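Residue numbers (the deposited numbering), protein chains in the order written: chain Q, 11 to 150; chain A, 17 to 463; chain B, 15 to 616; chain E, 38 to 213, 226 to 506; chain H, 199 to 221; chain J, 58 to 226; chain N, 60 to 116.
Quick reminder that beta carbons are idealized off the backbone N, C-alpha and C, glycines included.
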Ligand SMILES: Nc1ncnc2c1ncn2[C@@H]1O[C@H](COP(=O)(O)OP(=O)(O)O)[C@@H](O)[C@H]1O
């Protein structure tokens with residue numbers, strides 16, 4: 011697989027900015043310290059108020075982390091934790107469970123193949139159906 | 017802006033003052049705005065292959081350029097649509113014109129304007145946020161099934177200068193504004209993509225999961241993978257509907273696209289009559305399958321370029337849904353009729369014949385289409401997987417597989433559900449001949 | 015006027031040039047700052063169109079085009095034998111020596127014959143100052159090699175009174191070895207003469223051809239004989255044997271010299287020849303010698319420039335006509351006239367000339383006609399009478415293997431001998447893969463006058479062998495729908511004998527010592543035995559089928575299995591180890607064994 | 038030395054027609070020079086000048102002409118032909134069809150720039166190839182031996198496992226240091242993964258270079274794809290003395306690129322609409338093979354091609370068959386019966402087997418065994434064709450033994466595991482164990498001395 | 199087909215040249 | 058047995074991909090060094106342009122080199138605002154040397170209506186009078202042109218000669 | 060456990076060998092940088108104006 015170099019580096023700086031949005035959204039208080047440490051190398055480039063052009067130059071210059079496979083794996087682990095923590099919306103889970111589930115995902119071979127992702131997809135179908143559900147016995 | 021017609025001979029229109037024009041650019045010719053592609057440039061002059069009948073085009077008529085090659089409008093409002101091969105909306109042409117005819121030189125916008133869609137902006141985004149092509153900047157609830165992921169066009173990037181709040185917006189409302197290199201781009205829900213260009217990906221993955229048809233022979237003995245390339249010997253005597261309807265009702269693909277490649281007038285109306293009435297169970301509700309498909313129908317007297325383009329339009333739609341992280345299935349109900357349209361273009365371009373009178377590039381035009389299948393990691397940041405499965409029927413005359421469109425197709429597709437008139441005559445539905453048929457994906461599905 | 019024009023344009027091997035007013039068609043030109051060799055092919059005013067014999071990549075508009083004033087021409091003289099020349103006559107050995115490169119460098123101008131070598135020259139002694147002389151007069155011999163006494167001769171255009179003939183000594187191409195005067199004009203000459211390759215070297219008379227060209231191979235010399243001075247083709251699909259036959263005729267024949275033209279051929283064939291021909295040896299006067307001493311190559315391999323294939327063919331026949339004028343029995347191999355004709359197709363397609371069949375130019379027939387008609391036996395020009403010859407063997411390579419190919423069709427229109435090979439035989443590993451139905455030799459009526467003097471038994475044997483093979487192919491069309499059982503015993507004998515003729519005479523394994531070469535005395539002896547078996551086996555049935563005591567093919571087979579084994583074994587007899595009398599005595603014993611075995615069935 | 042003159046760039050596009058852009062006003066156009074084109078949207082493309090005439094340069098554009106514009110297109114002329122940057126650092130790397138890297142490594146830091154067309158190897162300096170390579174496959178090594186420096190393609194019907202045979206040869210190839230250049234023209238991505246994966250699985254990456262042109266990549270790149278591979282192979286063999294094997298995959302997709310370009314150019318067509326020069330162009334690929342005097346280097350080639358509609362008389366196999374040193378054939382009549390590798394010996398030959406065999410290379414018997422196996426398999430096919438008309442009741446016991454030979458032969462000689470490696474000496478012992486099916490006297494291709502040394506053992 | 203096509207191209211060239219010759 | 062083969066396969070995959078990553082890291086590092094040599098060359102050149110003496114000699118050459126590539130009767134030279142006074146002297150010297158070597162007159166104008174960007178290190182662009190053809194003589198373009206052609210000499214110095222390259226065919 | 064134990068070091072071996080190769084690169088680089096830099100500057104700054112060799116009159 012491949013892309014134009016401008017496309018490839020644009021996707022790098024995208025994934026950096028998205029990892030930052032996910033990290034801020036899963037944790038508005040910076041409680042998830044061990045998780046945040048495993049993204050510090052990408053988070054810095056979004057916590058610093060850099061223009062898209064400036065981070066793009068830093069990506070072409072190899073100063074930003076720029077392996078799209080590593081960024082996709084690392085981004086995936088983070089957002090699948092974000093889906094867990096967002097899915098349970100009425101019941102905010104404990105910090106020790108969050109860092110435990112993160113470690114289990116980090117240790118796993120491939121999250122798309124994992125039963126972890128299958129369970130969350132089954133929850134998503136069930137939850138998404140409820141969002142617009144009319145009053146009837148099955149829906150209640 | 018526009019050039020002027022300098023000469024006409026059949027569908028070939030030569031235009032002048034076209035110094036700014038580009039090869040395969042899409043041009044409207046005459047006071048009626050007839051569609052055509054620039055096939056040559058010769059100075060400040062351009063030669064346009066006009067698609068529709070040129071009768072009545074005059075020297076000195078306007079020749080309006082579109083700033084684009086042949087391209088598909090992509091966006092919400094695709095589900096339930098019927099398109100010709102060049103993305104003109106046959107349902108809306110019907111409802112606006114109140115005519116049994118397509119008027120020569122339709123200019124109806126492909127995605128219906130004025131429909132304020134329900135839009136939810138992607139709640140993570142802010143002014144000053146970074147974004148890249150394939151980022152989902154909001155979701156449009158176009159139908160109950162298919163939550164439409166609006167995404168940044170693959171070539172656009174930068175910082176979000178504005179995003180529209182939650183509300184109702186039509187396809188021409190500016191939902192996103194972004195900036196790169198000090199240049200602002202205003203952006204709509206409608207997205208234009210060149211139809212003969214592959215929508216790019218993070219990576220084409222190896223295909224590894226069954227496209228379950230719900231049909232014992234098809235799922236057990238000859239499995240097609242999600243992302244698979246496959247063919248069917250679609251002919252009347254074999255009962256071709258047994259596969260295509262079963263896939264349409266039941267199969268594990270989130271969206272479906274149909275291309276009428278260039279089908280007989282009445283056989284086209286069978287597709288267009290039937291699918292509205294078909295239904296699926298979803299979450300214990302019953303809903304029309306038109307909630308999850310679009311029919312790119314073309315009768316044999318649709319313009320040649322529309323038939324030749326129709327296959328590329330259907331896959332360009334299917335690739336947009338693939339980039340939304342959906343699994344599309346694409347049916348192509350006679351690749352042979354598309355190859356005839358391709359042969360007619362080559363004949364009109366006065367190009368030299370190759371195998372059985374087909375063009376030299378038939379092999380490449382088939383192969384570069386079937387390679388648009390597969391599973392993918394999409395572009396953009398939510399890491400989502402998706403796929404297109406291409407189910408492209410073939411029609412070898414007398415069943416003779418040495419026919420170059422059929423032979424080149426069987427040289428490319430990994431699965432072939434060899435339907436047979438001898439089984440269909442005995443009502444042995446699904447009528448697949450297990451001696452003829454095969455699948456190459458068995459190894460990859462072992463996981 | 016200018017001696018040089020300027021390149022107007024380029025398209026593949028074709029160049030167009032401005033400031034060419036006063037050029038001539040087929041004049042040589044040098045194109046580009048690297049002086050690429052090329053030849054003018056069309057004229058269009060003050061502009062010429064040129065065919066370039068070297069890859070034109072990198073030629074620019076406004077590059078010089080030096081007109082030479084000369085047509086495409088070969089230097090003939092000492093230093094040809096054992097050489098390998100490229101298609102335009104440059105010796106690859108000196109190109110390699112001067113440049114140390116694994117590749118031929120484009121635009122190289124290595125002189126065609128090595129002018130630094132001092133050759134030994136003997137003047138003819140008859141000639142002296144004031145003597146009359148004419149074109150084709152042998153004015154001296156150069157001892158070029160241990161084999162080839164190189165008869166130096168006055169060029170065909172030249173004539174006059176001898177002003178000076180050089181004494182016996184050592185000389186090179188710059189030395190005035192001879193000087194004439196004619197019409198009051200002096201003319202200095204040296205042992206190297208230029209000749210235009212597209213022009214036929216004249217002769218006193220083209221003689222009728224009446225002596226066989228003994229090839230290396232049983233099937234060729236028996237059933238489809240070539241003649242010295244004969245025109246021949248070897249049409250065959252890929253992988254049939256056509257190169258191995260051309261090799262075998264070159265390795266093993268009575269041709270006094272061979273010119274071998276690698277026209278568009280796979281490159282390993284040239285390396286095979288240069289690897290094998292210095293090692294392989296003939297014998298003369300009780301001295302063994304390397305066959306390279308009688309051979310010259312003109313290479314132009316398949317990846318070398320397309321245009322140079324024309325020049326390669328014309329170079330090969332120009333050399334061959336020169337060695338013919340010395341009185342040598344030349345043979346010329348051409349590894350494919352179709353790959354030559356593909357050069358004519360390419361130039362036509364660049365010039366935009368109208369094609370005949372399959373894209374070939376309409377003059378293809380005339381090009382081939384004016385090639386093969388350069389063969390023959392000839393009374394040479396000039397004072398001493400000589401009977402030279404050129405025998406031409408064009409190994410046509412029909413696209414798809416199909417003999418309906420226009421080059422095959424035009425070739426078989428001209429040539430008197432057609433050795434049609436067949437992929438069915440090559441798939442069976444039946445080599446040489448000659449199809450003995452479709453092949454023919456028109457010279458047989460002239461060669462019957464030779465066979466009647468030296469091999470009086472042969473004409474009956476050739477006739478019966480051809481008939482037996484024909485009858486088996488007639489029977490086969492029935493067997494393929496009825497099986498082997500229904501045939502009469504005479505017809506079973508015909509079928510089995512034809513299988514013995516096919517498997518143990520027509521086949522010949524040229525990569526094994528016993529089949530590497532097969533003299534005529536071995537060839538006729540095998541026929542005499544196989545046909546004696548046929549006549550006696552047929553006679554034994556016909557003599558007894560009038561009664562219950564009927565002899566049959568199976569009775570013969572089961573009583574004579576050792577004689578059938580001896581018959582099949584005859585190919586293994588080897589002239590390198592076995593004397594002629596020893597092979598003959600073994601074959602005479604087999605004839606006596608057959609007679610006594612058949613007398614034991616009566 | 039370097040070209041010191043600064044580059045011209047032209048906007049004088051006098052026209053566009055198919056894959057051709059026609060510049061005008063060009064200062065001294067150079068035939069076959071490379072142009073770099075910038076389109077109005079800023080897309081970069083490349084092209085080669087196919088004709089020059091006065092001020093005009095007809096440039097063929099590799100990425101195609103879609104989007105070229107008569108005013109807003111900038112054509113930079115590099116003033117020189119196309120040169121491949123080469124270095125030994127290209128082993129362990131992957132390149133697209135135009136020679137840009139796709140392994141996420143940097144561009145090729147050249148040890149030199151070589152003309153992509155190569156140079157014609159001088160017939161006097163070409164060594165005749167004769168040292169044997171074992172492929173490990175019995176149907177090759179026993180009856181179609183490949184010499185070090187030979188070019189010998191694998192023909193196949195469409196959808197046969199030709200990729201697996203070519204992969205297995207890369208795994209198992211050796212003499213009785227080495228490197229591979231693998232190229233594929235118009236390969237589907239499902240098959241591109243197989244090839245790249247197999248070299249990674251075998252640990253071969255450190256001595257293989259891959260050129261991938263995928264089936265959707267711009268079809269003109271297929272013309273340069275094998276030329277880039279060869280230009281790398283020429284650097285590695287002829288300058289670095291590596292023992293190189295070049296694999297060229299679907300020369301049919303190369304020939305299709307010639308047919309498409311030929312249609313666009315309007316060349317004189319030969320058979321099936323291929324250009325009349327298809328033989329020369331295929332020779333410009335295939336003849337860049339063999340050993341060269343004074344160099345320990347060697348380019349072996351094993352091209353692969355899908356025979357269209359299985360037709361051996363098709364121009365692609367047919368012209369390849371003329372140029373290449375015999376051919377290795379794969380057949381549905383083996384593959385349908387699950388006989389992997391499905392190599393059919395009968396149409397197969399290797400021209401260099403007539404030298405890369407015998408003492409110092411292989412056992413003495415090899416030539417004789419091969420010829421007798423050919424005779425018995427051929428007669429076996431002929432009696433099978435008789436049985437199909439008249440039934441086995443018409444065959445003799447000898448004919449029935451040739452039919453039983455054809456069965457035992459396919460089941461043991463041709464049949465071999467995808468990772469099973471067999472020596473030539475092992476293959477000949479299998480050959481004799483099959484020849485022992487007949488009485489000694491029937492072995493008409495083998496001399497009495499070879500029978501006496503090997504038949505009873 | 200190829201012969202008829204090349205003839206048609208030569209005719210178009212001759213027509214274009216014949217119009218240019220009016221200048 | 059299948060599970061054992063899967064474990065061995067997982068080992069082979071991991072043992073493999075590490076070597077590929079290492080080979081690529083080495084390649085990237087080599088290219089980054091060569092790239093930084095070119096970056097230092099761009100810096101050295103960006104010092105040289107501050108000396109108006111050597112920079113006049115450069116512009117005298119670069120302008121005339123442009124004229125000799127285009128060979129038209131009319132041309133336009135484009136430069137930065139700071140270059141213009143030196144370019145005027147360069148054009149005034151170059152027109153003589155052009156007419157001498159070409160044997161023909163030329164009209165040359167400097168594009169003071171539309172300068173080069175201030176980001177350009179220095180040197181010039183030249184155009185035909187219709188602006189439809191151009192030649193590049195900006196100092197960064199000269200560096201890239203020669204530096205790319207000299208990459209073999211650069212490699213042969215910065216990483217030494219390849220010991221295996223025994224022949225130069 | 061045998062597979063995991065072998066993976067538990069080989070990454071450090073290839074990384075160390077990479078850092079060794081990076082040091083070898085850095086060494087040959089610094090030993091030649093200034094010479095190469097001066098040579099490219101010289102080749103770039105010596106302009107050598109030329110008319111194309113095909114020019115006429
Ligand atoms: N007379 C022969 N004896 C033995 N082997 C032969 C003979 N003739 C042909 N062959 C075998 O067949 C191969 C193919 O024939 P060849 O002459 O090389 O091909 P082509 O006809 O295309 O030039 C030869 O290289 C050799 O291996």
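{"Query": "If I measure Cβ to Cβ from residue 334(A) and keep anything under 6 Å in the same chain, skipping five residues before and after, which residues do I get?", "Result": "273, 344, 346 and 404"}
{"Query": "Closer than 8 Å, CB to CB, is residue 12(Q) near chain E or not?", "Result": "yes"}
{"Query": "Please report the Cβ distance between residue 10(B) and residue 52(B), rounded to the nearest whole angstrom; I am assuming they are in contact, meaning their Cβ atoms lie under 8 Å.", "Result": "No statement about residue 10(B) is possible, as the shown extent of chain B runs from 15 to 616 and does not include it."}
{"Query": "Given that residue 53(E) touches chain A, what residues does it touch there, using C-beta distances under 8 Å?", "Result": "39, 56 and 57"}
{"Query": "Along the segment 164-194 of chain J, where does the CB come closer than 7 Å to a CB of chain E? Name the residues.", "Result": "189, 190, 191, 192, 193 and 194"}
{"Query": "What residues in the segment 149-169 of chain A bring their beta carbon closer than 9 Å to a beta carbon of chain E?", "Result": "none"}
{"Query": "Quick check on residue 625(B): buried or exposed, where buried means 16 or more other Cβ atoms within 10 Å of its Cβ?", "Result": "No answer is possible for residue 625(B): it lies beyond the span of chain B, which begins at 15 and ends at 616."}
{"Query": "Would residue 108(N) be called buried (16 or more neighbouring beta carbons within 10 Å of its own) or exposed?", "Result": "buried"}
{"Query": "According to DSSP, residue 17(A) sits in a beta bridge with which residue or residues?", "Result": "Residue 17(A) pairs with nothing; no bridge assigned."}
{"Query": "Relative to the C-alpha of residue 503(B), which residue among 456(B), 571(B) and 536(B) is closest?", "Result": "571(B)"}
{"Query": "Enumerated in chain order, which unbroken segments of the alpha helix (DSSP H) with a length of 4 residues or greater are wholly contained in the segment 11-91 of chain Q?", "Result": "15-36, 43-47, 50-57 and 62-70"}
{"Query": "With residue 266(B) and residue 403(E) assumed to form a contact (beta carbons below 8 Å), what rounded beta-carbon distance in angstroms separates them?", "Result": "At roughly 17 Å, the Cβ-Cβ gap does not stay under 8 Å, so residue 266(B) and residue 403(E) are not in contact."}
{"Query": "Beta-carbon separation of residue 465(A) and residue 62(A) under 8 Å?", "Result": "One cannot answer for residue 465(A) here, as it falls past the ends of chain A, which runs 17 to 463."}
{"Query": "Looking only at its chain, what residues have a beta carbon closer than 7 Å to the beta carbon of residue 111(Q), apart from the 5 residues adjacent to it on each side?", "Result": "91 and 94"}
{"Query": "When you compare the CB positions of residue 295(A) and residue 286(A), do they come within less than 8 Å of one another, or not?", "Result": "no"}
{"Query": "Does the segment 216-234 of chain B come into contact with the segment 177-192 of chain B, if we say contact requires no fewer than three beta-carbon pairs (one atom in each stretch) closer than 8 Å?", "Result": "no"}
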